[PDB]
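Reading through the structure tokens given below for one structure.
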Amino acid sequence: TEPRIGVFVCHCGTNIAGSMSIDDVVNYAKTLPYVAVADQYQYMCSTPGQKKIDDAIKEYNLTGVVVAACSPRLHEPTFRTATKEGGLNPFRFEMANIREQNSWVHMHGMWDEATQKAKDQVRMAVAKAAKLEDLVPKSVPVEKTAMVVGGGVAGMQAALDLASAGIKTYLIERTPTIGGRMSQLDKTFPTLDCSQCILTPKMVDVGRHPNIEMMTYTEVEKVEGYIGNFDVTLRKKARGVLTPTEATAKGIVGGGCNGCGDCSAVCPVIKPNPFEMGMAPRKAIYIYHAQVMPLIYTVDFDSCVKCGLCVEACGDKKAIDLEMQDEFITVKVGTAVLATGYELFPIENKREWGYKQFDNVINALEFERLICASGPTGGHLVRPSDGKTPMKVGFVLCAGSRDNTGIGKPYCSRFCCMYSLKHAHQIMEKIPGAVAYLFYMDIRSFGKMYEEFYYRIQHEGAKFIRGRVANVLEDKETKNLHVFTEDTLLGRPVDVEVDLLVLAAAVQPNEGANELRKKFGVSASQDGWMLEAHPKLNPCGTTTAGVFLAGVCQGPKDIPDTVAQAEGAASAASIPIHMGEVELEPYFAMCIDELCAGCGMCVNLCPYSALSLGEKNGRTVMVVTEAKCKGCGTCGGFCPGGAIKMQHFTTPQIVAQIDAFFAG
Amino acid sequence: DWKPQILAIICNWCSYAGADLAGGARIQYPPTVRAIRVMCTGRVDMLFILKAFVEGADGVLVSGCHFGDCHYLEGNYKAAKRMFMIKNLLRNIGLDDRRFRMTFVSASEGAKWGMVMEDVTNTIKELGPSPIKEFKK
Amino acid sequence: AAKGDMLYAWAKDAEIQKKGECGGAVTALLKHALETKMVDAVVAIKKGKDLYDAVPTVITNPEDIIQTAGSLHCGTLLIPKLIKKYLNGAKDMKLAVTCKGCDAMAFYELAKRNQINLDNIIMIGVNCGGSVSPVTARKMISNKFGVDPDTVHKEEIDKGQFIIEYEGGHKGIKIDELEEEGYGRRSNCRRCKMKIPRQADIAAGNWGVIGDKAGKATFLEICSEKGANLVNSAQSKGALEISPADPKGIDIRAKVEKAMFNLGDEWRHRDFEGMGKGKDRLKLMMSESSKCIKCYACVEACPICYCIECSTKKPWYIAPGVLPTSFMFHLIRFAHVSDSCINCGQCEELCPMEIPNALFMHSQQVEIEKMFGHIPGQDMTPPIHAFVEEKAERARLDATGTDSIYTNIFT
Amino acid sequence: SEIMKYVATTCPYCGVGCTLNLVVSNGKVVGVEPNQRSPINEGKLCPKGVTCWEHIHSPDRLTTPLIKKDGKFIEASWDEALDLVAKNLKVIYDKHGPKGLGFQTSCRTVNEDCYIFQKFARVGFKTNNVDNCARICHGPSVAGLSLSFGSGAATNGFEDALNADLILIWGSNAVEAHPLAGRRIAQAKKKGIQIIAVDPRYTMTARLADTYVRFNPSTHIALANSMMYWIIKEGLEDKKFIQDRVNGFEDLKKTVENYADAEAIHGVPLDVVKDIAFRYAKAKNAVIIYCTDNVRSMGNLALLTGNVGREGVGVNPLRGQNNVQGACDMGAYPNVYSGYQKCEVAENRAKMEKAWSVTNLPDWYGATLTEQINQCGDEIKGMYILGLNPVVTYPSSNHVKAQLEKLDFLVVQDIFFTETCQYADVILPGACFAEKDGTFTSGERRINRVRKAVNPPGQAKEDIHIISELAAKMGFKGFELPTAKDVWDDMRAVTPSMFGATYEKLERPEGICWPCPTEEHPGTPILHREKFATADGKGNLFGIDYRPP
Ligand SMILES: Cc1cc2nc3c(=O)[nH]c(=O)nc-3n(C[C@H](O)[C@H](O)[C@H](O)COP(=O)(O)OP(=O)(O)OC[C@H]3O[C@@H](n4cnc5c(N)ncnc54)[C@H](O)[C@@H]3O)c2cc1C
Ligand SMILES: Cc1cc2nc3c(=O)[nH]c(=O)nc-3n(C[C@H](O)[C@H](O)[C@H](O)COP(=O)(O)OP(=O)(O)OC[C@H]3O[C@@H](n4cnc5c(N)ncnc54)[C@H](O)[C@@H]3O)c2cc1C
Ligand code: SF4
Ligand code: SF4
Ligand code: SF4
Ligand code: SF4
Ligand code: SF4
Ligand code: SF4
Ligand code: SF4
Ligand code: SF4
Ligand code: SF4
Ligand code: SF4
Ligand code: SF4
Ligand code: FES
């Protein structure tokens with residue numbers, strides 16, 4: 094009895110009136126159960142139409158309004174604003190599509206039938222509108238901090254972008270230094286710029302920025318919460334050496350680790366260096382290389398013998414604490430960016446290339462470290478077998494890639510063609526008279542200035558044999574490598590003699606990346622990389638709200654593409670922080686806990702993990718995280734007990750439409 | 003001249019957009035099917051379809067998005083499970099399971115929407131009125 | 290004595306062995322479990338006023354367990370729902386429940402739905418050749434056996450026939466002859482195919498016992514590590530006797546199980562094809578369901594129905610007050626339950642208006658099971674709608690070779 | 016500490032007498048469960064039976080006696096209220112003889128309560144102004160069927176209709192009220208038994224019928240007369256049965272002839288009445304299920320076609336209340352003692368004197384519930400009410416209010432604080448079915464047992480205990496009845512009809528049907544097997560004319 098509904102029918106200027114009797118529709122609507130006024134007008138998407146709607150609202154005191162007009166996706170915001178201007182809730186408005194679905198498809202010889210269909214549509218719309226409630230828009234506050242996991246070029250770029258946007262940001266790096274893979278590269282294709290030179294300003298900018306907390310040598314222990322508020326627990330690994338800030342906080346005025354290096358000079362323990370791919374010695378207390386952002390000299394506790402000589406080497410500064418353990422910090426962030434990067438696929442498998450059993454077979458990262466001036470040698474590429482300079486280097490492209498055998502990877506690694514060309518150029522430049530052979534199977538120079546780079550590499554004298562390497566033997570006397578394949582162009586078998594063989598191995602996610610992406614509720618892709626919110630129109634986002642992806646952890650990329658992805662992720666993460674609120678969907682699900690039975694079937698039924706099972710008044714019931722719900726309606730349509738309320742699309746309102754369809 | 007009574011429940015993002023596009027392209031089809039316009043066609047409970055059939059529906063059509071094209075990424079699979087079980091139920095209760103169907107219309111297929119309307123109308127006219135109306139409901 | 294052994298078990302105590310149906314191993318196990326403080330209570334069945342009256346009982350005091358020795362073939366009742374209603378799903382009490390195959394299936398269906406805590410429940414299930422409704426049993430005895438039911442001392446089903454020991458002797462009639470007349474086991478029991486409850490913690494019966502231990506030993510199958518520990522403890526504390534089973538005993542046991550499966554298939558075919566097909570089946574179901582008076586005993590007794598407020602009570606589905614209820618009332622139950630129905634039969638036998646609820650529900654069950662491949666009462670796999678997988682739906686759509694869910698689905 | 020305990024008890028909500036299991040957990044009823052052993056319902060229950068446990072532990076249950084002093088009620092002790100009741104009742108008796116006091120009981124109480132109620136109303140002060148609500152809640156059916164068959168109870172059981180051939184429901188809400196007596200109709204439909212409904216509106220019960228006949232309301236006797244006229248006209252009457260067991264046939268032939276075509280007196284066309292009449296009179300076994308002239312005319316139909324003393328025959332009124340049969344059997348009725356012993360005859364009065372140690376029993380006709388209410392201020396002053404709520408139940412509630420105001424010293428013992436309670440001067444809390452330990456007598460005359468499930472809330476007591484305490488305070492002798500079994504034995508020791516129904520026999524689930532004279536008698540499920548219970552062994556039919564409304 095209480096609901097009073099007003100029905101307004103648009104002619105659309107003979108677009109609707111030319112196919113059906115508008116007078117019949119109005120005279121029929123005048124007799125529906127809850128109808129105070131029924132009116133017709135020519136163009137109700139115009140200002141006089143809104144004026145008439147408001148006048149009718151005021152003068153009949155309508156509870157709700159039904160407009161028989163074009164599709165809701167065309168003019169629903171228009172009429173919602175019209176109804177709101179007039180003293181009614183925006184979501185109290187209902188629309189009957191009588192143009193795109195009744196008048197433009199029933200033109201010829203269907204006059205009574207089109208009018209009858211219009212009557213039915215208006216009846217169903219009025220039936221739904223008689224049961225519409227008030228949806229007050231509500232939002233969730235956003236913590237004004239951001240977290241970036243991974244200190245590589247993507248993580249560094251995202252952190253700098255978020256900081257320069259005015260947002261306090263945490264940069265979480267597993268290693269004692271941030272630089273990442275870019276720090277390991279000697280040169281960069283196709284410009285041949287020095288990698289450390291172009292990256293050092295970025296590293297010092299990250300180190301100096303007041304809006305970035307650069308927490309290195311630490312990782313994520315656990316994560317809870319949603320887009321509004323992520324409670325993230327981090328473990329600070331026992332660094333063993335104090336920064337000057339930490340030294341002052343500890344109590345001693347003596348600074349902590351100005352980076353002199355005396356401790357490493359006196360340490361008696363020798364261990365491999367992960368930064369140099371294990372080809373260089375390092376002490377228990379060490380730095381990765383000279384150009385590390387935090388120059389703080391980590392100590393390797395599982396290799397240290399606690400001989401206590403580094404402490405005398407560091408006297409009057411007291412930077413070394415040999416007996417401290419990992420700390421735990423609880424940080425409250427608003428959004429998160431994942432930039433975990435990549436590692437090399439283990440090419441010790443795929444036995445026909447003797448990566449581990451032949452000494453002069455190396456991978457691409459080892460080659461980069463060996464040819465860089467800061468590597469184990471003075472930038473002089475030498476054979477690991479005897480230290481003599483090579484004159485003949487082969488490059489095996491696609492090593493473990495585009496492989497469907499189940500050992501390698503079925504995808505392309507994107508950059509192995511380009512850095513193989515860069516390596517060929519570097520060997521042909523640094524060693525005079527050396528010849529580079531590239532055993533290739535689809536040279537892929539797709540990026541800007543990449544084809545020109547390929548042309549230049551061929552012009553400088555590199556040999557391109559179009560054939561995937563079949564197998565590799567080695568001569569016992571001289572540890573040179575026989576490479577057996579076919580030159581498919583020229584159509585002949587080929588056995589190439591090389592002093593050095595470099596495998597362009599595939600790339601895979603870093604170890605522990607899958608555990609991290611599970612910790613944030615991010616699904617993997619069918620290649621094993623992190624999945625995207627939409628492969629086309631949202632390369633940065635993720636199904637879980639407030640989490641964004643940047644860099645090769647989303648998929649192998651070049652440095653420029655990685656930086657573009659990182660900046661996009663930073664922008665997407667900054668948007669909710671800048672706004673300060675996340676507006677909830679107008680039509681989220683609500684659990685009526687008086688009807689929930691705590692079965693928990695619906696929990697695994699939401700794509701966005703909004704639904705969870707939690708206590709309330711001592712009863713186990715379902716809890717809806719409104720920040721994650723998107724109004725899909727899957728849960729509400731499943732629950733047998735009807736304990737989930739899909740507002741504006743509730744079971745009573747939909748059944749009311751179905752009931753009115755079979756009414757008079 | 004008995005007039006068929008077909009009810010449609012079409013998702014907002016693909017099927018409703020497809021019907022709008024068909025209307026925009028002036029594609030003609032008989033005026034027999036009326037729509038409901040849920041958000042995701044995963045909103046469709048089985049009780050909706052069963053209530054429609056009990057109340058006197060002659061045929062029921064549910065239209066969603068192609069697999070992998072749902073706006074909410076998983077709704078049409080839940081809908082597909084529910085509609086498969088619905089087809090089982092209508093066969094095993096003695097109803098003609100061909101009175102009900104679920105189509106996958108994208109937002110670019112207006113002609114497909116018109117073809118679906120024609121096919122549904124023809125099938126329901128062939129099957130005749132629902133038996134449930136004769137038996138005291 | 291460890292996860293899959295077949296054993297002959299009997300009781301050390303002579304009284305339990307004498308009162309136990311086939312060696313008192315179940316009763317000895319329950320008594321030992323309650324002595325050792327593994328469980329807080331034992332939910333069992335005991336005689337009421339006579340042997341046709343089976344009453345569930347919760348026993349905390351151990352020397353009251355002997356009263357539960359022996360089986361009652363007239364007890365057609367389902368334990369787990371009572372546990373859920375009146376023991377808070379055993380969320381604080383460790384329980385030891387003796388159960389049939391239908392009882393174990395109901396346990397698992399309620400566990401899938403978080404309604405009970407199976408980690409706090411020990412299932413010593415028994416084989417079941419079928420149960421008889423007590424009034425129907427008395428009607429058989431008074432009509433076909435020519436005996437006053439009150440004089441009967443014992444009644445059971447062995448070797449495929451109903452035997453009654455009464456004052457003056459004993460009589461026996463093939464169960465098939467009774468069933469062709471309108472007597473014998475319950476309608477749902479004839480269709481039942483859960484003979485050996487291998488989903489329980491222990492499975493106890495008298496099939497496969499041969500020779501000198503024809504009725505003096507119990508065939509135990511250890512179906513879990515929990516049951517293995519329970520049996521090992523009972524053997525260690527000197528409360529139970531265990532012997533290796535003779536392999537030919539297992540051979541006849543398997544043969545009897547296969548024959549029971551064949552009989553169940555035969556009765557399934559008979560009943561399902563006796564319903565009808567096409568418009569006649571619809572007419573039958575609607576005419577039958579028009580009698581409902583909304584007692585809700587079908588909803589309240591079914592293990593699967595767990596909801597706080599049934600959809601059959603919500604006013605937008607069923608109009609309140611109108612007693613000639615619409616067909617929607619039973620269609621709601623079909624939609625919600627027919628995917629996972631354990632054929633317990635409670636819905637059919639608690640119905641005041643004599644509506645064959647179990648027949649209809651199991652009829653949809655068998656079709657759902659053969660298409661989706663989901664067997665209801667084991668291993669706590671989620672119901673077919675509680676968990677939807679991507680590849681499964683894509684393959685199911687591709688199997689029909691059509692772009693829509695219209696035809697080419699069935700054979 | 017009874018974590019889950021099953022207690023078998025009879026449903027208190029209608030006359031079918033369905034058996035159910037109350038569930039007791041830590042001393043409180045927590046649910047209802049099926050009892051499949053019961054032959055009455057096989058564990059099946061209607062909507063009311065499923066939810067018969069909700070009201071047992073309501074917070075509004077009375078826990079202490081209440082006394083009205085200058086307005087609002089004040090809590091009191093049992094001694095104070097009982098002494099006040101004794102004093103005032105004695106004063107009223109001594110001042111105004113036996114006429115003044117009036118006694119009203121409900122047909123919801125157990126048999127022991129009603130029996131001890133009438134015993135207290137007669138063994139003490141000698142009056143038989145004791146009555147029950149049967150007159151207004153069930154109807155005058157028993158009196159008419161007693162005039163026809165000698166006894167007004169239902170002749171056959173419920174499942175006996177399964178042995179019939181033409182179950183004939185005559186204007187009944189059988190599936191609405193008493194639904195599990197309509198379960199038998201559904202079962203007979205499955206078995207393939209002809210069913211005819213003559214409900215004047217098309218209901219759930221008439222949907223089970225093979226044939227449906229609609230007739231204008233309040234014209235039952237006219238349609239019955241038309242049926243009988245046609246059955247007599249074409250000689251489908253049982254001549255052999257009529258000669259040796261029925262009297263008054265000639266007067267019936269004289270009376271019924273004036274209804275050849277009784278259309279416009281009832282709306283049923285001639286071919287329809289002929290069809291239903293011939294179908295009734297041709298089936299070998301036919302049973303009428305009814306719901307004073309109407310029931311008398313129904314009795315006349317069964318006598319004419321010889322469907323009384325056999326299996327699957329007879330006239331079965333449904334009786335509407337839990338112990339409407341028990342309340343009338345135990346003597347809660349103005350002019351009978353127990354088992355319809357007709358206080359008019361002096362020999363039964365002498366027997367009650369011998370077995371009750373009392374003298375000068377009343378002998379005069381008592382006053383019914385309407386009679387007591389109408390004269391509730393002139394000569395009836397002071398009255399005891401056991402379970403009734405007269406203000407709500409009776410038509411023209413204002414008149415009942417006024418006459419209750421006219422009286423002096425009402426007592427409205429009950430379990431709930433109803434609208435009648437606040438006209439009373441003393442209120443004694445009672446006990447519900449789950450707290451008593453008596454028996455119910457179903458409509459089919461079966462005596463089922465009510466068992467103690469939980470304790471009463473506070474100081475509440477069973478009605479037998481309260482009446483015994485009141486009699487002890489009033490000095491009356493013969494109420495030393497500690498338990499309900501002793502009251503049952505006392506009842507047995509006087510009535511010859513129910514002498515053989517001991518609590519040992521009633522502990523069996525099947526129960527015992529009421530005409531059970533000897534201890535080894537297995538009961539009497541079928542009434543009038545050999546002869547009728549009138550003055551002579553012949554049931555007498557009557558000729559009823561149709562008086563327009
Ligand atoms: C041999 C070789 C040569 C190349 N040459 C070129 C070239 O010339 N030009 C070019 O443009 N590109 C080149 N590339 C590609 C280039 O290296 C990548 O595009 C780029 O490094 C990807 O950036 P990123 O920060 O995402 O990767 P990364 O640098 O791997 O980022 C990962 C960072 O996050 C940290 N991290 C990982 N997991 C965790 C965790 N769980 N918690 C915390 N921190 C974590 C890592 O320690 C690291 O600091 C080359 C690649 C290879 C292998
Ligand atoms: C209705 C029924 C039918 C059976 N049919 C067969 C059959 O065809 N073949 C076969 O080999 N075995 C059958 N059994 C099992 C058979 O009784 C076992 O051999 C025996 O019960 C276990 O051995 P026991 O004597 O050591 O156990 P017992 O010491 O006899 O212990 C029996 C246990 O079962 C419980 N119980 C009794 N009646 C029921 C009931 N109705 N529902 C649930 N629990 C109950 C008792 O409370 C007790 O805990 C049936 C059992 C039942 C209850
Ligand atoms: S509201 Fe839609 S139908 Fe009406 S005039 Fe505007 S565009 Fe045309
Ligand atoms: S000796 Fe001390 S100051 Fe020098 S590098 Fe080591 S920790 Fe730093
Ligand atoms: S204490 Fe450890 S880090 Fe220091 S010098 Fe000795 S081995 Fe090296
Ligand atoms: S980038 Fe080049 S070398 Fe690497 S997988 Fe792709 S095609 Fe092969
Ligand atoms: S909302 Fe429904 S499906 Fe989800 S847990 Fe509650 S009762 Fe179960
Ligand atoms: S509507 Fe969709 S996203 Fe929201 S809670 Fe339900 S299933 Fe999850
Ligand atoms: S349903 Fe199966 S397990 Fe249950 S009593 Fe019947 S035969 Fe036994
Ligand atoms: S138990 Fe029978 S009568 Fe009661 S609601 Fe269920 S189907 Fe209807
Ligand atoms: S619907 Fe009936 S037969 Fe099926 S599981 Fe439930 S109670 Fe048992
Ligand atoms: S029938 Fe459906 S809605 Fe009702 S209790 Fe069972 S599962 Fe819940
Ligand atoms: S039929 Fe009567 S006695 Fe039986 S449960 Fe219903 S109300 Fe109670
Ligand atoms: S939005 Fe259309 S299928 Fe989900």
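Chains as they are written, first to last, in the numbering used here: chain A, 94 to 757; chain B, 3 to 139; chain C, 290 to 700; chain D, 16 to 564.
By construction, the Cβ of each residue, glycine as well, lies at the ideal position given by its N, Cα and C atoms.
Under the three-state DSSP convention, the category residue i falls into
| i | result |
| --- | --- |
| residue 399 of chain A | coil |
| residue 47 of chain B | coil |
| residue 379 of chain D | coil |
Candidates the options: closest to residue i by CA position
| i | options | result |
| --- | --- | --- |
| residue 338 of chain D | D:555, D:464 and D:182 | D:464 |
| residue 372 of chain A | A:292, A:421, A:463 and A:338 | A:463 |
| residue 236 of chain D | D:274, D:206 and D:228 | D:274 |
| residue 505 of chain C | C:676, C:300 and C:293 | C:300 |
| residue 151 of chain A | A:179, A:228 and A:594 | A:179 |
Beta-carbon separation (whole angstroms), residue i vs residue j, contact threshold 8 Å
| i | j | result |
| --- | --- | --- |
| residue 351 of chain C | residue 323 of chain C | 5 Å |
| residue 461 of chain A | residue 601 of chain A | Contact doesn't hold; Cβ gap of about 18 Å is too wide. |
ask   = Are the region 28-38 of chain B and the region 188-201 of chain A in contact at 8 Å, needing three or more beta carbon pairs?
value = yes
query = Quick one: any contact between the region 21-31 of chain D and the region 110-124 of chain B, if contact means 3 or more CB pairs under 8 Å?
reply = no
task = Spell out a yes or no on whether the region 392-408 of chain A and the region 206-214 of chain A are touching, meaning 3 or more CB-CB pairs, one atom from each, closer than 8 Å.
result = no
task = Evaluate contact between the region 295-315 of chain A and the region 662-681 of chain A, counting only Cβ atoms and requiring at least three cross-stretch pairs below 8 Å.
result = no
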